[PDB]
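A.B. asks: File follows, query30.pdb with PDB, C-alpha atoms (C1' of nucleotides):
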```pdb
ATOM      1  CA  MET A 142       0.000   0.000   0.000  1.00  0.00           C
ATOM      2  CA  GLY A 143       2.807   2.381   0.938  1.00  0.00           C
ATOM      3  CA  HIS A 144       4.802   1.436  -2.171  1.00  0.00           C
ATOM      4  CA  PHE A 145       2.568   3.531  -4.464  1.00  0.00           C
ATOM      5  CA  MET A 146       3.746   6.901  -3.128  1.00  0.00           C
ATOM      6  CA  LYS A 147       5.188   9.346  -5.616  1.00  0.00           C
ATOM      7  CA  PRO A 148       6.492   8.785  -8.220  1.00  0.00           C
ATOM      8  CA  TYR A 149       3.514   6.483  -8.836  1.00  0.00           C
ATOM      9  CA  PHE A 150       5.467   4.264 -11.249  1.00  0.00           C
ATOM     10  CA  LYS A 151       9.120   3.728 -10.300  1.00  0.00           C
ATOM     11  CA  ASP A 152      11.653   1.392 -11.877  1.00  0.00           C
ATOM     12  CA  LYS A 153      11.688  -1.906  -9.990  1.00  0.00           C
ATOM     13  CA  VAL A 154      15.382  -2.570 -10.684  1.00  0.00           C
ATOM     14  CA  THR A 155      16.843   0.929 -10.265  1.00  0.00           C
ATOM     15  CA  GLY A 156      14.026   3.137  -8.940  1.00  0.00           C
ATOM     16  CA  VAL A 157      14.504   5.673 -11.748  1.00  0.00           C
ATOM     17  CA  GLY A 158      11.573   7.512 -13.279  1.00  0.00           C
ATOM     18  CA  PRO A 159      10.799   8.298 -16.917  1.00  0.00           C
ATOM     19  CA  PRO A 160      12.873  10.829 -18.877  1.00  0.00           C
ATOM     20  CA  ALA A 161      11.895  14.467 -19.270  1.00  0.00           C
ATOM     21  CA  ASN A 162       8.659  15.011 -21.202  1.00  0.00           C
ATOM     22  CA  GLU A 163       7.749  17.824 -23.592  1.00  0.00           C
ATOM     23  CA  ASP A 164       5.565  19.777 -21.160  1.00  0.00           C
ATOM     24  CA  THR A 165       8.110  19.533 -18.336  1.00  0.00           C
ATOM     25  CA  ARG A 166      10.943  20.566 -20.666  1.00  0.00           C
ATOM     26  CA  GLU A 167       9.000  23.603 -21.893  1.00  0.00           C
ATOM     27  CA  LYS A 168       8.154  24.498 -18.291  1.00  0.00           C
ATOM     28  CA  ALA A 169      11.829  24.279 -17.333  1.00  0.00           C
ATOM     29  CA  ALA A 170      12.709  26.507 -20.282  1.00  0.00           C
ATOM     30  CA  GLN A 171      10.075  28.977 -19.047  1.00  0.00           C
ATOM     31  CA  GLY A 172      11.536  28.725 -15.529  1.00  0.00           C
ATOM     32  CA  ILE A 173       8.427  27.620 -13.618  1.00  0.00           C
ATOM     33  CA  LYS A 174       9.318  26.226 -10.193  1.00  0.00           C
ATOM     34  CA  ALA A 175       7.895  23.034  -8.688  1.00  0.00           C
ATOM     35  CA  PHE A 176       6.273  22.244  -5.342  1.00  0.00           C
ATOM     36  CA  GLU A 177       9.331  20.185  -4.332  1.00  0.00           C
ATOM     37  CA  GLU A 178      11.574  23.276  -4.208  1.00  0.00           C
ATOM     38  CA  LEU A 179       9.800  24.794  -1.181  1.00  0.00           C
ATOM     39  CA  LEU A 180      11.036  21.990   1.110  1.00  0.00           C
ATOM     40  CA  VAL A 181      13.709  23.778   3.173  1.00  0.00           C
ATOM     41  CA  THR A 182      15.586  22.147   6.058  1.00  0.00           C
ATOM     42  CA  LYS A 183      16.547  24.063   9.194  1.00  0.00           C
ATOM     43  CA  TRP A 184      20.187  24.063  10.301  1.00  0.00           C
ATOM     44  CA  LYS A 185      20.863  21.614  13.122  1.00  0.00           C
ATOM     45  CA  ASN A 186      23.675  22.448  15.541  1.00  0.00           C
ATOM     46  CA  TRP A 187      25.328  19.264  14.268  1.00  0.00           C
ATOM     47  CA  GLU A 188      25.159  20.682  10.731  1.00  0.00           C
ATOM     48  CA  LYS A 189      26.542  24.041  11.879  1.00  0.00           C
ATOM     49  CA  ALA A 190      29.472  22.344  13.617  1.00  0.00           C
ATOM     50  CA  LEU A 191      30.131  20.241  10.515  1.00  0.00           C
ATOM     51  CA  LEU A 192      30.229  23.351   8.337  1.00  0.00           C
ATOM     52  CA  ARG A 193      32.561  25.132  10.767  1.00  0.00           C
ATOM     53  CA  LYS A 194      34.860  22.104  10.615  1.00  0.00           C
ATOM     54  CA  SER A 195      34.606  22.089   6.815  1.00  0.00           C
TER      55      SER A 195
ATOM     56  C1'  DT B   1     -19.889  46.166  18.654  1.00  0.00           C
ATOM     57  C1'  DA B   2     -17.737  41.868  14.328  1.00  0.00           C
ATOM     58  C1'  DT B   3     -13.680  41.020  13.585  1.00  0.00           C
ATOM     59  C1'  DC B   4      -8.724  40.472  13.996  1.00  0.00           C
ATOM     60  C1'  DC B   5      -3.077  40.597  15.299  1.00  0.00           C
ATOM     61  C1'  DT B   6       0.074  37.441  17.281  1.00  0.00           C
ATOM     62  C1'  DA B   7       3.185  40.006  22.253  1.00  0.00           C
ATOM     63  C1'  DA B   8       2.905  35.324  25.555  1.00  0.00           C
ATOM     64  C1'  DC B   9       0.749  31.093  25.858  1.00  0.00           C
ATOM     65  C1'  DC B  10      -2.526  26.443  24.620  1.00  0.00           C
ATOM     66  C1'  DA B  11      -3.904  22.559  20.781  1.00  0.00           C
ATOM     67  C1'  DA B  12      -2.332  20.456  16.752  1.00  0.00           C
ATOM     68  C1'  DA B  13       0.485  19.763  12.070  1.00  0.00           C
ATOM     69  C1'  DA B  14       5.056  19.537  10.700  1.00  0.00           C
ATOM     70  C1'  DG B  15       9.796  20.097  11.546  1.00  0.00           C
ATOM     71  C1'  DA B  16      13.527  19.087  14.219  1.00  0.00           C
ATOM     72  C1'  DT B  17      17.177  16.861  17.996  1.00  0.00           C
ATOM     73  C1'  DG B  18      19.326  13.201  20.823  1.00  0.00           C
ATOM     74  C1'  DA B  19      18.979   8.277  23.115  1.00  0.00           C
ATOM     75  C1'  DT B  20      17.730   3.792  22.286  1.00  0.00           C
ATOM     76  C1'  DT B  21      16.540  -0.704  19.496  1.00  0.00           C
ATOM     77  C1'  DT B  22      16.938  -3.533  15.550  1.00  0.00           C
ATOM     78  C1'  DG B  23      18.788  -4.531  10.728  1.00  0.00           C
ATOM     79  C1'  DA B  24      23.128  -5.200   9.102  1.00  0.00           C
ATOM     80  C1'  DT B  25      28.454  -5.887   9.110  1.00  0.00           C
ATOM     81  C1'  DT B  26      32.493  -8.493  10.389  1.00  0.00           C
ATOM     82  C1'  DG B  27      36.812 -10.333  13.557  1.00  0.00           C
ATOM     83  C1'  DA B  28      38.229 -14.380  14.926  1.00  0.00           C
ATOM     84  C1'  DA B  29      37.928 -19.130  15.042  1.00  0.00           C
ATOM     85  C1'  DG B  30      35.791 -24.434  13.965  1.00  0.00           C
ATOM     86  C1'  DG B  31      37.665 -25.879   9.663  1.00  0.00           C
ATOM     87  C1'  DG B  32      40.330 -28.006   6.255  1.00  0.00           C
ATOM     88  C1'  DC B  33      43.172 -27.357   2.280  1.00  0.00           C
ATOM     89  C1'  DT B  34      48.295 -26.402  -0.658  1.00  0.00           C
ATOM     90  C1'  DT B  35      53.070 -28.299  -3.305  1.00  0.00           C
ATOM     91  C1'  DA B  36      57.922 -30.109  -1.565  1.00  0.00           C
ATOM     92  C1'  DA B  37      60.409 -34.296  -0.515  1.00  0.00           C
ATOM     93  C1'  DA B  38      60.513 -39.806   0.762  1.00  0.00           C
ATOM     94  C1'  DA B  39      58.473 -44.365   1.306  1.00  0.00           C
ATOM     95  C1'  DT B  40      56.739 -49.390   1.136  1.00  0.00           C
ATOM     96  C1'  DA B  41      52.508 -51.633   0.129  1.00  0.00           C
ATOM     97  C1'  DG B  42      49.384 -52.573  -2.966  1.00  0.00           C
ATOM     98  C1'  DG B  43      43.630 -53.136  -5.848  1.00  0.00           C
ATOM     99  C1'  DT B  44      41.594 -52.872 -11.182  1.00  0.00           C
ATOM    100  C1'  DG B  45      39.721 -50.028 -15.408  1.00  0.00           C
ATOM    101  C1'  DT B  46      40.748 -48.328 -18.885  1.00  0.00           C
ATOM    102  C1'  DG B  47      42.691 -46.686 -22.357  1.00  0.00           C
ATOM    103  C1'  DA B  48      45.866 -47.350 -25.610  1.00  0.00           C
ATOM    104  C1'  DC B  49      46.954 -50.897 -28.970  1.00  0.00           C
ATOM    105  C1'  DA B  50      45.401 -53.364 -32.973  1.00  0.00           C
ATOM    106  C1'  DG B  51      42.151 -55.305 -36.246  1.00  0.00           C
ATOM    107  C1'  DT B  52      38.392 -55.711 -39.296  1.00  0.00           C
ATOM    108  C1'  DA B  53      33.554 -52.840 -39.621  1.00  0.00           C
ATOM    109  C1'  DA B  54      30.152 -50.313 -41.602  1.00  0.00           C
ATOM    110  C1'  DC B  55      28.044 -46.772 -43.586  1.00  0.00           C
ATOM    111  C1'  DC B  56      28.006 -43.384 -46.431  1.00  0.00           C
ATOM    112  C1'  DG B  57      29.274 -23.667 -81.071  1.00  0.00           C
ATOM    113  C1'  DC B  58      30.010 -27.079 -84.989  1.00  0.00           C
ATOM    114  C1'  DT B  59      30.746 -31.814 -87.799  1.00  0.00           C
ATOM    115  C1'  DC B  60      31.152 -37.207 -88.265  1.00  0.00           C
ATOM    116  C1'  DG B  61      29.698 -42.615 -86.453  1.00  0.00           C
ATOM    117  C1'  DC B  62      26.467 -45.998 -85.043  1.00  0.00           C
ATOM    118  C1'  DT B  63      21.829 -48.119 -84.799  1.00  0.00           C
ATOM    119  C1'  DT B  64      16.965 -49.854 -86.320  1.00  0.00           C
ATOM    120  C1'  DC B  65      12.395 -51.417 -88.906  1.00  0.00           C
ATOM    121  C1'  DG B  66      10.019 -51.262 -92.738  1.00  0.00           C
ATOM    122  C1'  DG B  67       9.419 -50.900 -98.822  1.00  0.00           C
ATOM    123  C1'  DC B  68      10.252 -52.986-102.183  1.00  0.00           C
ATOM    124  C1'  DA B  69      13.315 -57.145-104.194  1.00  0.00           C
ATOM    125  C1'  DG B  70      13.873 -62.469-104.820  1.00  0.00           C
TER     126       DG B  70
END
```
As structure tokens, what does this structure read like?
C.D. replies:
Amino acid sequence: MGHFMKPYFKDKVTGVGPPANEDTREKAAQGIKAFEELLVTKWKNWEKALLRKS
DNA sequence: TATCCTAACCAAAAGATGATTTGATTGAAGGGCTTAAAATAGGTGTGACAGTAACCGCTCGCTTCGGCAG
């Protein structure tokens, strides 16, 4: 039941999705953002320490 | 007033933060090798041997069966 989450159809061997389609390619040319770009992760103190070390 | 903001705080979604439990990895040991040699004692199967075996474009010569001969 939980295996049908997005992408709905995923490659069974590799998990890859289909290649870029016409509509998506034209959208990317037009520079329209997607709903997956708004996912932003807060900085954990662990992450801050790692970046200081880096 | 009807309604709201969102300072500081309560109920819930989500978003996150470290301690703990379970899926997963492996370090070391059971184990069971190696050729290298030297040796007596052995069993036979088998794989050469060998044999037959079998299966798999132009121009002459030569011939016959009747139509008159005898």
A.B. asks: For the structure shown, which residues end up in the PyMOL selection byres ((chain A) within 10 of (chain B))? Put them as a ChimeraX atom specification, please?
C.D. replies: /A:181-187
A.B. asks: What is the distance, in Å and to one decimal place, between CA of residue 177 (chain A) and CA of residue 148 (chain A)?
C.D. replies: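 Computing the Euclidean distance for CA of residue 177 (chain A) and CA of residue 148 (chain A) yields 12.4 Å.
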A.B. asks: State, in Å with one decimal place, the distance from CA of residue 189 (chain A) to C1' of residue 18 (chain B).
C.D. replies: 15.8 Å
A.B. asks: Would you compute the distance between CA of residue 143 (chain A) and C1' of residue 22 (chain B)? Give it in Å to one decimal.
C.D. replies: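 A separation of 21.2 Å between them.
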